[PDB]
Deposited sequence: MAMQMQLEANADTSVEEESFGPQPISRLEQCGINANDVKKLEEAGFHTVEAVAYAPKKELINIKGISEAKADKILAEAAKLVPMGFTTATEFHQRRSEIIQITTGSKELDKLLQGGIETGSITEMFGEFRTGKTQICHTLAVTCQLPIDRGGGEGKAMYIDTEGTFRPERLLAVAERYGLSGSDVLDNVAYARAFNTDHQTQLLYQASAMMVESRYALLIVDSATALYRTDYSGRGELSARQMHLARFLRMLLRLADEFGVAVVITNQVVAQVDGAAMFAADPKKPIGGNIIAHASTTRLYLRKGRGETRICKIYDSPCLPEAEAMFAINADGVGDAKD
């Protein structure tokens, strides 16, 4: 997919400058074409004279102009949709989780956010014709609730070898919000060498709830969170992966809305509101989407991952 940053050295850029770009987090020509002038001036060995030269060269390698809605409609027909393991959720999402966008799943506790992320971490490795993305999975966990035993159960359901499923899931544990963002720079490096199909941040806001406390730190909290969601969108456009983040809820005391404020509400393309039903059954509702009508669907958390209820 994306073009390696080494193509800039052929097009008239010194390899010493390309090295300076890679240490700033740019491992692809697209990542440079998508960056403003500011993000290149901040690098040490890069001046404004080298910036326009770098951007001009990257601009003719990546198409960054106007195009017809007809052409864009053809490219969106080839977008992959990853099955959620539930036949009912796939009808609600009209195919499954969409790559190249940020999908947010929120709900109270035990609503299935970590279980959907575990099912997706396996179903993203299925062939395209089986509803997968035919790529690896990367799981950034911020709570310590990542259980490879759940992956092995989903892998048994689809007849995949559990040993190979675990080998194609990159796992990282974030311990603060700075580490959570620093993990994304390493994610860009890994998405260049091997093909990934899914990026999970579970949860994307849990650490923001305590690294920044009180209204006095509310602004800096939302600024840092907004930068985090921008690099996620960047990873989605750069590598065409599906970004699935998990969010937490808060009570309205004045009946539960997701945390993160307006930053995460605007940034998330699709938002899924998970609520508990009866027993193991749970209800997902389209809370926000550009193309999906507001509807509900009922799924279940079985011993083999997310699936459909028995009745």
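Which regions of the deposited sequence are unaccounted for in the modelled residues, listed N- to C-terminal? In the chain as deposited, 1-20, 275-282 carry no coordinates.
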